[PDB]
Amino acid sequence: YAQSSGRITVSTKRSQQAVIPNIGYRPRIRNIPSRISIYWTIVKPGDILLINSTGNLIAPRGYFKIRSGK
Amino acid sequence: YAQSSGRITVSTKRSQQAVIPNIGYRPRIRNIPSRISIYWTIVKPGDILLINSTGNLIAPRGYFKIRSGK
Amino acid sequence: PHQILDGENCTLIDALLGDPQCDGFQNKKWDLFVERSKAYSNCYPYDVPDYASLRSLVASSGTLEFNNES
Ligand SMILES: *[C@@H]1O[C@H](CO)[C@@H](O[C@@H]2O[C@H](CO)[C@@H](O[C@@H]3O[C@H](CO[C@H]4O[C@H](CO)[C@@H](O)[C@H](O)[C@@H]4O)[C@@H](O)[C@H](O[C@H]4O[C@H](CO)[C@@H](O)[C@H](O)[C@@H]4O)[C@@H]3O)[C@H](O)[C@H]2NC(C)=O)[C@H](O)[C@H]1NC(C)=O
Ligand SMILES: *[C@@H]1O[C@H](CO)[C@@H](O)[C@H](O)[C@H]1NC(C)=O
C-alpha cells in the first residue's frame, strides 16, 4: 500500500466507522500469516455512502439487497 | 520500554486481540498514576497462542485450565 | 414449504463474501440457511469483529442477491 500505516473511514449521514489496520504476526492459516477484518455498512434511502482509505482497504464490489422477512 | 509507543498483538488461530497503550495521567491509587488493563485469551486444543509485542506488555506465566461445571 | 438452502461445506459468511468453493450460492434466496458442521474455509483467512451480529443480519435479510456498483 506504499505507506507505513493505512486508515479507513467508511461513513454515512447516520453512522461512522473508522478502522485502523494492526500490522503483526498471526498463526499461519493456509500458509497465510495475515488476517482480514470484515465490516458492514447499511445505507438507507436518501443516505450517502462515503469511503476514505489511505491504505489497507478490501473494497466492496457492490451492495447486498438487505430486506425483512421470515 | 525503550520505545515511544507499544503495540501488543496476542492472536490465535481463530481470534486476534491488538491493543495500544494509552499514555497519560490518571488519579492516583496507592500512589500510582498508572493503570494496567487486563485482557484474556482462550486457546483451544490444536490452536497456537502467538504473543508478539514491541512494548508495554504484562506477560503471562501460564494457563489457568478453564472447564465446564457447576 | 420453506425455501431451504443447503450448507454443502459452506458458511453463510463465506457465501456472503464469495468463497470459490461457495460460488454456487451467488444471488440465491432462502428461507432457512442450514449450516453444516463439516463447513470450512478455503480462501484468505478472515476474522469478523461481530460475527454473530453479521450472520444474524444476513440470515434475517434472507437473500444473497448482489448488484455490482461502478
Ligand atoms: C496532572 O494532574 C493530576 C491531577 O490529578 C496530578 O496528579 C496529582 O499530583 C499530585 C502531585 O504529585 C499528587 O500529590 C501527591 O500525593 C501523594 C499521595 O498522597 C497521599 O499520601 C501522603 C503520604 O505519602 C498523605 O500525606 C496524603 O494525605 C495522601 O494520603 C503524596 O505522597 C505526594 O507528596 C509528595 O509531595 C509533597 C510536597 O507536596 C512532599 O512533601 C512529599 O514528601 C512527597 O514528595 C503528593 O502530595 C496527587 O496525588 C496526584 N493525584 C491527584 C488525584 O491529585 C498530576 O501531578 C498532574 N501532572 C502534571 C504533569 O501536572
Ligand atoms: C465439500 O463439498 C463438496 C460438494 O458438496 C464435495 O465435493 C467436497 O468433497 C467437500 N469437501 C471435502 C473436503 O470433503
# chains A, B, ... in the order shown; residues from 1 in each chain; ligands from 1
$ closest_atom_pairs --of "chain A" --to "chain C" --cutoff "12 Å" --atoms "only C-alpha atoms" --output "JSON lines"
{"residue": "A:19", "atom": "CA", "partner": "C:49", "partner_atom": "CA", "distance": 11.1}
{"residue": "A:26", "atom": "CA", "partner": "C:45", "partner_atom": "CA", "distance": 10.4}
{"residue": "A:27", "atom": "CA", "partner": "C:45", "partner_atom": "CA", "distance": 10.5}
{"residue": "A:28", "atom": "CA", "partner": "C:45", "partner_atom": "CA", "distance": 9.0}
{"residue": "A:29", "atom": "CA", "partner": "C:45", "partner_atom": "CA", "distance": 6.5}
{"residue": "A:30", "atom": "CA", "partner": "C:44", "partner_atom": "CA", "distance": 7.8}
{"residue": "A:31", "atom": "CA", "partner": "C:44", "partner_atom": "CA", "distance": 9.6}
{"residue": "A:32", "atom": "CA", "partner": "C:45", "partner_atom": "CA", "distance": 7.3}
{"residue": "A:33", "atom": "CA", "partner": "C:45", "partner_atom": "CA", "distance": 8.7}
{"residue": "A:34", "atom": "CA", "partner": "C:45", "partner_atom": "CA", "distance": 7.4}
{"residue": "A:35", "atom": "CA", "partner": "C:46", "partner_atom": "CA", "distance": 5.3}
{"residue": "A:36", "atom": "CA", "partner": "C:46", "partner_atom": "CA", "distance": 4.6}
{"residue": "A:37", "atom": "CA", "partner": "C:47", "partner_atom": "CA", "distance": 5.0}
{"residue": "A:38", "atom": "CA", "partner": "C:48", "partner_atom": "CA", "distance": 4.7}
{"residue": "A:39", "atom": "CA", "partner": "C:48", "partner_atom": "CA", "distance": 6.8}
{"residue": "A:40", "atom": "CA", "partner": "C:54", "partner_atom": "CA", "distance": 7.7}
{"residue": "A:41", "atom": "CA", "partner": "C:54", "partner_atom": "CA", "distance": 10.4}
{"residue": "A:42", "atom": "CA", "partner": "C:57", "partner_atom": "CA", "distance": 10.7}
{"residue": "A:58", "atom": "CA", "partner": "C:17", "partner_atom": "CA", "distance": 11.2}
{"residue": "A:59", "atom": "CA", "partner": "C:69", "partner_atom": "CA", "distance": 11.4}
{"residue": "A:60", "atom": "CA", "partner": "C:69", "partner_atom": "CA", "distance": 8.8}
{"residue": "A:61", "atom": "CA", "partner": "C:68", "partner_atom": "CA", "distance": 5.8}
{"residue": "A:62", "atom": "CA", "partner": "C:68", "partner_atom": "CA", "distance": 4.4}
{"residue": "A:63", "atom": "CA", "partner": "C:67", "partner_atom": "CA", "distance": 5.8}
{"residue": "A:64", "atom": "CA", "partner": "C:66", "partner_atom": "CA", "distance": 4.8}
{"residue": "A:65", "atom": "CA", "partner": "C:65", "partner_atom": "CA", "distance": 6.2}
{"residue": "A:66", "atom": "CA", "partner": "C:61", "partner_atom": "CA", "distance": 5.0}
{"residue": "A:67", "atom": "CA", "partner": "C:61", "partner_atom": "CA", "distance": 4.8}
{"residue": "A:68", "atom": "CA", "partner": "C:61", "partner_atom": "CA", "distance": 5.5}
{"residue": "A:69", "atom": "CA", "partner": "C:61", "partner_atom": "CA", "distance": 6.8}
{"residue": "A:70", "atom": "CA", "partner": "C:31", "partner_atom": "CA", "distance": 6.6}
$ calpha_fit_and_write --fixed "chain B" --moving "chain A" --output "CSV table (one decimal) with N, CA, C and O atoms, in the first residue's frame"
chain,number,residue,atom,x,y,z
A,1,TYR,N,10.3,0.9,28.5
A,1,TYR,CA,10.2,0.0,27.4
A,1,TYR,C,11.1,0.4,26.2
A,1,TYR,O,11.0,-0.2,25.1
A,2,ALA,N,11.9,1.5,26.3
A,2,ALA,CA,12.9,1.9,25.3
A,2,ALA,C,12.3,2.3,23.9
A,2,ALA,O,13.1,2.5,23.0
A,3,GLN,N,11.0,2.4,23.8
A,3,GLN,CA,10.3,2.9,22.6
A,3,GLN,C,9.2,3.9,23.0
A,3,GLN,O,8.7,3.8,24.1
A,4,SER,N,8.9,4.8,22.1
A,4,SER,CA,7.9,5.8,22.4
A,4,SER,C,6.5,5.2,22.6
A,4,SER,O,5.7,5.7,23.4
A,5,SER,N,6.2,4.2,21.8
A,5,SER,CA,4.8,3.6,21.8
A,5,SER,C,4.9,2.1,21.6
A,5,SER,O,5.5,1.7,20.6
A,6,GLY,N,4.3,1.3,22.5
A,6,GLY,CA,4.3,-0.1,22.3
A,6,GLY,C,3.0,-0.5,21.5
A,6,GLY,O,2.2,0.3,21.2
A,7,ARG,N,3.0,-1.8,21.2
A,7,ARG,CA,1.9,-2.4,20.5
A,7,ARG,C,1.9,-3.9,20.8
A,7,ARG,O,2.9,-4.6,20.6
A,8,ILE,N,0.8,-4.5,21.2
A,8,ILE,CA,0.6,-5.9,21.6
A,8,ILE,C,-0.4,-6.5,20.7
A,8,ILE,O,-1.5,-6.0,20.6
A,9,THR,N,0.0,-7.6,20.1
A,9,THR,CA,-0.9,-8.4,19.2
A,9,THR,C,-0.9,-9.9,19.7
A,9,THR,O,0.0,-10.6,19.3
A,10,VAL,N,-1.8,-10.2,20.5
A,10,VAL,CA,-2.0,-11.6,21.0
A,10,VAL,C,-3.1,-12.2,20.2
A,10,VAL,O,-4.3,-11.9,20.3
A,11,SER,N,-2.7,-13.2,19.4
A,11,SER,CA,-3.7,-13.8,18.5
A,11,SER,C,-3.5,-15.3,18.4
A,11,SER,O,-2.5,-15.9,18.8
A,12,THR,N,-4.6,-16.0,18.0
A,12,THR,CA,-4.6,-17.4,17.7
A,12,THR,C,-5.1,-17.7,16.3
A,12,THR,O,-5.3,-16.7,15.5
A,13,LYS,N,-5.4,-18.9,16.0
A,13,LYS,CA,-6.0,-19.2,14.7
A,13,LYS,C,-7.5,-18.9,14.6
A,13,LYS,O,-8.0,-18.9,13.5
A,14,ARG,N,-8.1,-18.6,15.7
A,14,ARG,CA,-9.6,-18.3,15.7
A,14,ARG,C,-9.9,-17.0,16.3
A,14,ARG,O,-11.1,-16.6,16.3
A,15,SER,N,-8.9,-16.2,16.7
A,15,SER,CA,-9.2,-14.9,17.3
A,15,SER,C,-7.9,-14.0,17.1
A,15,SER,O,-6.8,-14.5,16.9
A,16,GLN,N,-8.2,-12.7,17.3
A,16,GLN,CA,-7.1,-11.7,17.2
A,16,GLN,C,-7.4,-10.6,18.1
A,16,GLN,O,-8.5,-10.0,18.1
A,17,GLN,N,-6.4,-10.2,19.0
A,17,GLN,CA,-6.6,-9.1,19.9
A,17,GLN,C,-5.4,-8.2,19.8
A,17,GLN,O,-4.3,-8.6,20.3
A,18,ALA,N,-5.5,-7.0,19.3
A,18,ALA,CA,-4.5,-6.0,19.2
A,18,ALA,C,-4.8,-4.8,20.0
A,18,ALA,O,-5.9,-4.2,19.9
A,19,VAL,N,-3.9,-4.5,21.0
A,19,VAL,CA,-4.2,-3.5,22.0
A,19,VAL,C,-3.0,-2.6,22.0
A,19,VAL,O,-1.8,-3.0,22.1
A,20,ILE,N,-3.3,-1.3,22.0
A,20,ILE,CA,-2.2,-0.2,22.0
A,20,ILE,C,-2.3,0.5,23.4
A,20,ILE,O,-3.5,0.7,23.8
A,21,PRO,N,-1.2,0.7,24.1
A,21,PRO,CA,-1.3,1.4,25.3
A,21,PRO,C,-1.7,2.9,25.1
A,21,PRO,O,-1.4,3.5,24.1
A,22,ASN,N,-2.3,3.5,26.2
A,22,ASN,CA,-2.7,4.9,26.2
A,22,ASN,C,-2.0,5.6,27.3
A,22,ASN,O,-2.3,5.5,28.5
A,23,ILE,N,-0.9,6.3,26.9
A,23,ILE,CA,-0.1,7.0,27.9
A,23,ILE,C,-0.8,8.3,28.4
A,23,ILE,O,-1.3,9.1,27.5
A,24,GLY,N,-0.9,8.5,29.7
A,24,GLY,CA,-1.6,9.6,30.2
A,24,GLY,C,-1.7,9.6,31.7
A,24,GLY,O,-1.3,8.6,32.3
A,25,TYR,N,-2.2,10.6,32.3
A,25,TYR,CA,-2.3,10.8,33.7
A,25,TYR,C,-3.7,10.2,34.2
A,25,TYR,O,-4.7,10.3,33.5
A,26,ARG,N,-3.6,9.6,35.4
A,26,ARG,CA,-4.8,9.1,36.1
A,26,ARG,C,-4.8,9.5,37.5
A,26,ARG,O,-3.7,9.9,38.0
A,27,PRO,N,-5.9,9.5,38.2
A,27,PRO,CA,-5.9,9.8,39.6
A,27,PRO,C,-5.1,8.7,40.4
A,27,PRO,O,-5.2,7.5,40.0
A,28,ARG,N,-4.4,9.1,41.4
A,28,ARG,CA,-3.5,8.2,42.0
A,28,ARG,C,-4.2,7.2,42.9
A,28,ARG,O,-5.0,7.6,43.8
A,29,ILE,N,-3.9,5.9,42.7
A,29,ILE,CA,-4.4,4.9,43.6
A,29,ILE,C,-3.1,4.2,44.2
A,29,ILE,O,-2.3,3.6,43.4
A,30,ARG,N,-3.0,4.2,45.5
A,30,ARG,CA,-1.8,3.7,46.2
A,30,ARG,C,-0.5,4.3,45.7
A,30,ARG,O,0.5,3.6,45.5
A,31,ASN,N,-0.6,5.6,45.5
A,31,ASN,CA,0.5,6.4,44.9
A,31,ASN,C,1.0,5.9,43.6
A,31,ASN,O,2.2,5.9,43.3
A,32,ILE,N,0.1,5.5,42.7
A,32,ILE,CA,0.4,5.1,41.4
A,32,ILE,C,-0.5,5.8,40.4
A,32,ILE,O,-1.7,5.6,40.4
A,33,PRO,N,0.1,6.6,39.5
A,33,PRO,CA,-0.8,7.3,38.5
A,33,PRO,C,-0.9,6.6,37.2
A,33,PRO,O,-1.4,7.2,36.2
A,34,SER,N,-0.6,5.3,37.1
A,34,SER,CA,-0.7,4.5,35.9
A,34,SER,C,-1.6,3.3,36.1
A,34,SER,O,-2.0,3.0,37.3
A,35,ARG,N,-2.1,2.8,35.0
A,35,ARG,CA,-3.1,1.7,35.1
A,35,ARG,C,-2.6,0.5,34.2
A,35,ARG,O,-1.7,0.6,33.4
A,36,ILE,N,-3.3,-0.6,34.4
A,36,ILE,CA,-3.0,-1.8,33.7
A,36,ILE,C,-4.4,-2.4,33.2
A,36,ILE,O,-5.3,-2.6,34.0
A,37,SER,N,-4.5,-2.6,31.9
A,37,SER,CA,-5.8,-3.2,31.4
A,37,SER,C,-5.5,-4.7,31.2
A,37,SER,O,-4.5,-5.2,30.6
A,38,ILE,N,-6.5,-5.5,31.7
A,38,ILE,CA,-6.3,-7.0,31.8
A,38,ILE,C,-7.2,-7.6,30.7
A,38,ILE,O,-8.4,-7.5,30.7
A,39,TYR,N,-6.5,-8.3,29.8
A,39,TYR,CA,-7.1,-9.1,28.8
A,39,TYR,C,-6.9,-10.6,28.9
A,39,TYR,O,-6.0,-11.0,29.6
A,40,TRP,N,-7.8,-11.3,28.3
A,40,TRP,CA,-7.7,-12.8,28.3
A,40,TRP,C,-7.9,-13.4,26.9
A,40,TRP,O,-8.6,-12.8,26.1
A,41,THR,N,-7.2,-14.5,26.7
A,41,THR,CA,-7.2,-15.3,25.5
A,41,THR,C,-7.4,-16.7,25.8
A,41,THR,O,-6.7,-17.3,26.7
A,42,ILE,N,-8.3,-17.4,25.1
A,42,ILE,CA,-8.6,-18.8,25.3
A,42,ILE,C,-8.1,-19.6,24.1
A,42,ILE,O,-8.4,-19.3,22.9
A,43,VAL,N,-7.2,-20.6,24.3
A,43,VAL,CA,-6.6,-21.4,23.3
A,43,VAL,C,-7.2,-22.8,23.3
A,43,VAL,O,-7.1,-23.5,24.3
A,44,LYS,N,-7.9,-23.2,22.2
A,44,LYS,CA,-8.5,-24.5,22.1
A,44,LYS,C,-7.4,-25.5,21.8
A,44,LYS,O,-6.2,-25.2,21.4
A,45,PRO,N,-7.7,-26.8,22.0
A,45,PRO,CA,-6.8,-27.9,21.6
A,45,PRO,C,-6.5,-27.8,20.1
A,45,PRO,O,-7.5,-27.7,19.3
A,46,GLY,N,-5.3,-28.0,19.7
A,46,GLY,CA,-4.9,-27.8,18.3
A,46,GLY,C,-4.6,-26.4,17.9
A,46,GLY,O,-4.1,-26.2,16.8
A,47,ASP,N,-5.0,-25.4,18.7
A,47,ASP,CA,-4.7,-24.0,18.4
A,47,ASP,C,-3.4,-23.6,18.9
A,47,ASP,O,-2.7,-24.3,19.7
A,48,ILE,N,-2.9,-22.4,18.5
A,48,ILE,CA,-1.6,-21.9,18.8
A,48,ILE,C,-1.7,-20.5,19.3
A,48,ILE,O,-2.3,-19.7,18.6
A,49,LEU,N,-1.2,-20.2,20.4
A,49,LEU,CA,-1.1,-18.9,21.0
A,49,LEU,C,0.1,-18.2,20.5
A,49,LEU,O,1.2,-18.7,20.6
A,50,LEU,N,0.0,-17.0,19.9
A,50,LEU,CA,1.1,-16.2,19.4
A,50,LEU,C,1.0,-14.8,20.0
A,50,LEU,O,-0.1,-14.2,20.0
A,51,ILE,N,2.1,-14.3,20.6
A,51,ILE,CA,2.2,-13.1,21.3
A,51,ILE,C,3.2,-12.2,20.6
A,51,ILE,O,4.3,-12.6,20.5
A,52,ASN,N,2.7,-11.0,20.2
A,52,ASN,CA,3.6,-10.0,19.7
A,52,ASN,C,3.6,-8.8,20.7
A,52,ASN,O,2.6,-8.5,21.2
A,53,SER,N,4.8,-8.2,20.9
A,53,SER,CA,4.9,-7.0,21.8
A,53,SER,C,6.1,-6.2,21.4
A,53,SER,O,7.2,-6.7,21.6
A,54,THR,N,5.9,-5.0,20.9
A,54,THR,CA,6.9,-4.0,20.8
A,54,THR,C,7.2,-3.4,22.2
A,54,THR,O,8.4,-3.1,22.5
A,55,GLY,N,6.3,-3.4,23.1
A,55,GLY,CA,6.5,-2.9,24.4
A,55,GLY,C,5.1,-2.9,25.2
A,55,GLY,O,4.1,-3.3,24.7
A,56,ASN,N,5.2,-2.5,26.5
A,56,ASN,CA,4.1,-2.3,27.3
A,56,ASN,C,3.3,-3.6,27.5
A,56,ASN,O,2.0,-3.6,27.6
A,57,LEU,N,4.0,-4.7,27.7
A,57,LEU,CA,3.3,-6.0,27.9
A,57,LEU,C,3.5,-6.5,29.3
A,57,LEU,O,4.6,-6.5,29.9
A,58,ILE,N,2.3,-6.8,29.9
A,58,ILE,CA,2.3,-7.5,31.2
A,58,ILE,C,2.1,-9.0,30.9
A,58,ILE,O,1.0,-9.5,30.7
A,59,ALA,N,3.2,-9.7,30.7
A,59,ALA,CA,3.2,-11.0,30.1
A,59,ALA,C,2.6,-12.1,31.1
A,59,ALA,O,2.7,-11.9,32.3
A,60,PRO,N,1.9,-13.1,30.5
A,60,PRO,CA,1.4,-14.2,31.3
A,60,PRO,C,2.5,-15.1,31.8
A,60,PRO,O,3.6,-15.2,31.1
A,61,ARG,N,2.3,-15.8,32.9
A,61,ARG,CA,3.2,-16.8,33.4
A,61,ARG,C,2.7,-18.3,33.1
A,61,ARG,O,3.4,-19.2,33.6
A,62,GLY,N,1.6,-18.4,32.4
A,62,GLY,CA,1.1,-19.8,32.2
A,62,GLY,C,-0.4,-19.7,31.8
A,62,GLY,O,-0.8,-18.6,31.3
A,63,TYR,N,-1.1,-20.7,32.0
A,63,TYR,CA,-2.5,-20.8,31.6
A,63,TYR,C,-3.3,-21.3,32.8
A,63,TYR,O,-2.8,-22.1,33.6
A,64,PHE,N,-4.5,-20.9,32.9
A,64,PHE,CA,-5.5,-21.4,33.8
A,64,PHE,C,-6.4,-22.4,33.2
A,64,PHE,O,-6.9,-22.2,32.1
A,65,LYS,N,-6.5,-23.6,33.8
A,65,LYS,CA,-7.3,-24.7,33.2
A,65,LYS,C,-8.8,-24.4,33.2
A,65,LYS,O,-9.5,-24.9,34.1
A,66,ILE,N,-9.3,-23.7,32.2
A,66,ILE,CA,-10.7,-23.4,32.1
A,66,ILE,C,-11.4,-24.7,31.8
A,66,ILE,O,-11.0,-25.5,31.0
A,67,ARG,N,-12.6,-24.9,32.4
A,67,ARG,CA,-13.4,-26.0,32.3
A,67,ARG,C,-14.9,-25.6,32.3
A,67,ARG,O,-15.2,-24.4,32.4
A,68,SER,N,-15.7,-26.6,32.3
A,68,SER,CA,-17.2,-26.4,32.4
A,68,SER,C,-17.7,-27.2,33.6
A,68,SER,O,-17.4,-28.4,33.8
A,69,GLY,N,-18.6,-26.6,34.4
A,69,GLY,CA,-19.2,-27.3,35.5
A,69,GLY,C,-20.4,-26.7,36.1
A,69,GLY,O,-21.2,-26.1,35.4
A,70,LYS,N,-20.5,-26.7,37.4
A,70,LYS,CA,-21.7,-26.1,38.1
A,70,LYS,C,-21.3,-25.0,39.1
A,70,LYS,O,-22.0,-24.6,40.0
$ select_by_dssp --residues "chain C" --states "strand (DSSP E)" --output "VMD selection string"
chain C and resid 4 to 5 32 to 33 66 to 68
$ write_last_selection --atoms "C-alpha atoms" --output "mmCIF file, in the first residue's frame"
data_model
loop_
_atom_site.group_PDB
_atom_site.id
_atom_site.type_symbol
_atom_site.label_atom_id
_atom_site.label_comp_id
_atom_site.auth_asym_id
_atom_site.auth_seq_id
_atom_site.Cartn_x
_atom_site.Cartn_y
_atom_site.Cartn_z
ATOM 1 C CA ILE C 4 -34.240 -24.427 2.210
ATOM 2 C CA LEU C 5 -30.677 -23.626 1.140
ATOM 3 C CA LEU C 32 -33.539 -21.200 6.076
ATOM 4 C CA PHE C 33 -29.776 -21.475 5.542
ATOM 5 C CA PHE C 66 -25.958 -8.733 -5.285
ATOM 6 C CA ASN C 67 -25.869 -5.710 -7.594
ATOM 7 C CA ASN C 68 -22.477 -4.599 -8.880
#
$ residues_near_ligand --ligand "ligand 2" --cutoff "9 Å" --atoms "only C-alpha atoms and all ligand atoms" --output "PyMOL selection string"
chain C and resi 7-10+21+38-40
$ write_last_selection --atoms "N, CA and C atoms" --output "mmCIF file, in the first residue's frame"
data_model
loop_
_atom_site.group_PDB
_atom_site.id
_atom_site.type_symbol
_atom_site.label_atom_id
_atom_site.label_comp_id
_atom_site.auth_asym_id
_atom_site.auth_seq_id
_atom_site.Cartn_x
_atom_site.Cartn_y
_atom_site.Cartn_z
ATOM 1 N N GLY C 7 -26.214 -26.336 3.189
ATOM 2 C CA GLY C 7 -24.883 -25.868 3.515
ATOM 3 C C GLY C 7 -23.875 -26.225 2.449
ATOM 4 N N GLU C 8 -23.615 -27.526 2.290
ATOM 5 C CA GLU C 8 -22.635 -28.061 1.342
ATOM 6 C C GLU C 8 -21.266 -27.420 1.577
ATOM 7 N N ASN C 9 -20.718 -27.777 2.748
ATOM 8 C CA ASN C 9 -19.478 -27.269 3.379
ATOM 9 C C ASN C 9 -19.224 -25.792 3.076
ATOM 10 N N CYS C 10 -20.257 -24.988 3.329
ATOM 11 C CA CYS C 10 -20.231 -23.541 3.173
ATOM 12 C C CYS C 10 -20.917 -22.886 4.360
ATOM 13 N N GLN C 21 -15.230 -22.049 -3.343
ATOM 14 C CA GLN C 21 -15.970 -23.283 -3.132
ATOM 15 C C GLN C 21 -17.400 -23.024 -2.672
ATOM 16 N N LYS C 38 -19.599 -29.743 8.841
ATOM 17 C CA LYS C 38 -18.429 -30.037 8.028
ATOM 18 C C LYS C 38 -17.913 -28.817 7.278
ATOM 19 N N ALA C 39 -18.516 -27.650 7.493
ATOM 20 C CA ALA C 39 -18.138 -26.449 6.766
ATOM 21 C C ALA C 39 -16.752 -25.967 7.176
ATOM 22 N N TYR C 40 -16.045 -25.384 6.215
ATOM 23 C CA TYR C 40 -14.696 -24.881 6.431
ATOM 24 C C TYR C 40 -14.469 -23.709 5.484
#
$ atom_distance --atom1 "atom CA of residue C:11" --atom2 "atom CA of residue C:35"
6.1 Å
$ atom_distance --atom1 "atom CA of residue C:6" --atom2 "atom CA of residue C:34"
5.4 Å
$ decode --residues "stretch 42-60 of chain A" --atoms "N, CA, C and O atoms" --output "PDB file, in the first residue's frame"
ATOM      1  N   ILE A  42     -24.690  -0.154   6.377  1.00  0.00           N
ATOM      2  CA  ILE A  42     -26.040  -0.163   5.824  1.00  0.00           C
ATOM      3  C   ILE A  42     -26.411   1.267   5.456  1.00  0.00           C
ATOM      4  O   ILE A  42     -26.346   2.168   6.302  1.00  0.00           O
ATOM      5  N   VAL A  43     -26.799   1.472   4.200  1.00  0.00           N
ATOM      6  CA  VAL A  43     -27.123   2.792   3.670  1.00  0.00           C
ATOM      7  C   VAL A  43     -28.624   2.850   3.413  1.00  0.00           C
ATOM      8  O   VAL A  43     -29.152   2.088   2.594  1.00  0.00           O
ATOM      9  N   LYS A  44     -29.303   3.754   4.108  1.00  0.00           N
ATOM     10  CA  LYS A  44     -30.735   3.951   3.953  1.00  0.00           C
ATOM     11  C   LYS A  44     -31.030   4.732   2.674  1.00  0.00           C
ATOM     12  O   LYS A  44     -30.127   5.338   2.091  1.00  0.00           O
ATOM     13  N   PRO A  45     -32.271   4.682   2.176  1.00  0.00           N
ATOM     14  CA  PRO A  45     -32.643   5.562   1.061  1.00  0.00           C
ATOM     15  C   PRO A  45     -32.502   7.029   1.440  1.00  0.00           C
ATOM     16  O   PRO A  45     -32.878   7.448   2.536  1.00  0.00           O
ATOM     17  N   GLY A  46     -31.950   7.810   0.514  1.00  0.00           N
ATOM     18  CA  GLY A  46     -31.618   9.191   0.779  1.00  0.00           C
ATOM     19  C   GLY A  46     -30.288   9.403   1.462  1.00  0.00           C
ATOM     20  O   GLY A  46     -29.831  10.551   1.549  1.00  0.00           O
ATOM     21  N   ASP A  47     -29.649   8.344   1.949  1.00  0.00           N
ATOM     22  CA  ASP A  47     -28.344   8.436   2.583  1.00  0.00           C
ATOM     23  C   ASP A  47     -27.240   8.253   1.545  1.00  0.00           C
ATOM     24  O   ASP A  47     -27.472   7.810   0.419  1.00  0.00           O
ATOM     25  N   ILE A  48     -26.020   8.602   1.942  1.00  0.00           N
ATOM     26  CA  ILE A  48     -24.871   8.608   1.046  1.00  0.00           C
ATOM     27  C   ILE A  48     -23.733   7.847   1.712  1.00  0.00           C
ATOM     28  O   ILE A  48     -23.356   8.154   2.848  1.00  0.00           O
ATOM     29  N   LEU A  49     -23.194   6.853   1.011  1.00  0.00           N
ATOM     30  CA  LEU A  49     -22.034   6.108   1.479  1.00  0.00           C
ATOM     31  C   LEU A  49     -20.768   6.823   1.030  1.00  0.00           C
ATOM     32  O   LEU A  49     -20.602   7.104  -0.162  1.00  0.00           O
ATOM     33  N   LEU A  50     -19.877   7.111   1.973  1.00  0.00           N
ATOM     34  CA  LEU A  50     -18.600   7.741   1.673  1.00  0.00           C
ATOM     35  C   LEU A  50     -17.495   6.855   2.228  1.00  0.00           C
ATOM     36  O   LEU A  50     -17.559   6.433   3.388  1.00  0.00           O
ATOM     37  N   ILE A  51     -16.490   6.570   1.405  1.00  0.00           N
ATOM     38  CA  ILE A  51     -15.398   5.675   1.767  1.00  0.00           C
ATOM     39  C   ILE A  51     -14.090   6.446   1.667  1.00  0.00           C
ATOM     40  O   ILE A  51     -13.768   6.998   0.608  1.00  0.00           O
ATOM     41  N   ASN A  52     -13.340   6.483   2.764  1.00  0.00           N
ATOM     42  CA  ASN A  52     -11.996   7.038   2.786  1.00  0.00           C
ATOM     43  C   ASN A  52     -11.011   5.910   3.042  1.00  0.00           C
ATOM     44  O   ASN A  52     -11.296   5.001   3.825  1.00  0.00           O
ATOM     45  N   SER A  53      -9.856   5.965   2.382  1.00  0.00           N
ATOM     46  CA  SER A  53      -8.842   4.933   2.584  1.00  0.00           C
ATOM     47  C   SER A  53      -7.484   5.479   2.171  1.00  0.00           C
ATOM     48  O   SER A  53      -7.253   5.735   0.986  1.00  0.00           O
ATOM     49  N   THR A  54      -6.596   5.656   3.148  1.00  0.00           N
ATOM     50  CA  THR A  54      -5.186   5.856   2.855  1.00  0.00           C
ATOM     51  C   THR A  54      -4.523   4.555   2.417  1.00  0.00           C
ATOM     52  O   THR A  54      -3.599   4.581   1.596  1.00  0.00           O
ATOM     53  N   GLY A  55      -5.004   3.424   2.918  1.00  0.00           N
ATOM     54  CA  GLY A  55      -4.497   2.128   2.508  1.00  0.00           C
ATOM     55  C   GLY A  55      -5.233   1.034   3.246  1.00  0.00           C
ATOM     56  O   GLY A  55      -6.145   1.293   4.037  1.00  0.00           O
ATOM     57  N   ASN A  56      -4.821  -0.206   2.957  1.00  0.00           N
ATOM     58  CA  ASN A  56      -5.301  -1.415   3.640  1.00  0.00           C
ATOM     59  C   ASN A  56      -6.814  -1.590   3.525  1.00  0.00           C
ATOM     60  O   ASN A  56      -7.480  -1.994   4.479  1.00  0.00           O
ATOM     61  N   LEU A  57      -7.366  -1.302   2.351  1.00  0.00           N
ATOM     62  CA  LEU A  57      -8.801  -1.415   2.121  1.00  0.00           C
ATOM     63  C   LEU A  57      -9.103  -2.648   1.283  1.00  0.00           C
ATOM     64  O   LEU A  57      -8.516  -2.836   0.212  1.00  0.00           O
ATOM     65  N   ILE A  58     -10.010  -3.483   1.775  1.00  0.00           N
ATOM     66  CA  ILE A  58     -10.598  -4.562   0.986  1.00  0.00           C
ATOM     67  C   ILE A  58     -11.940  -4.018   0.510  1.00  0.00           C
ATOM     68  O   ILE A  58     -12.961  -4.121   1.193  1.00  0.00           O
ATOM     69  N   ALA A  59     -11.930  -3.426  -0.680  1.00  0.00           N
ATOM     70  CA  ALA A  59     -13.042  -2.616  -1.146  1.00  0.00           C
ATOM     71  C   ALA A  59     -14.247  -3.481  -1.520  1.00  0.00           C
ATOM     72  O   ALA A  59     -14.090  -4.619  -1.967  1.00  0.00           O
ATOM     73  N   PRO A  60     -15.460  -2.967  -1.342  1.00  0.00           N
ATOM     74  CA  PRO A  60     -16.646  -3.693  -1.802  1.00  0.00           C
ATOM     75  C   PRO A  60     -16.833  -3.570  -3.308  1.00  0.00           C
ATOM     76  O   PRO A  60     -16.347  -2.641  -3.956  1.00  0.00           O
TER      77      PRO A  60
END
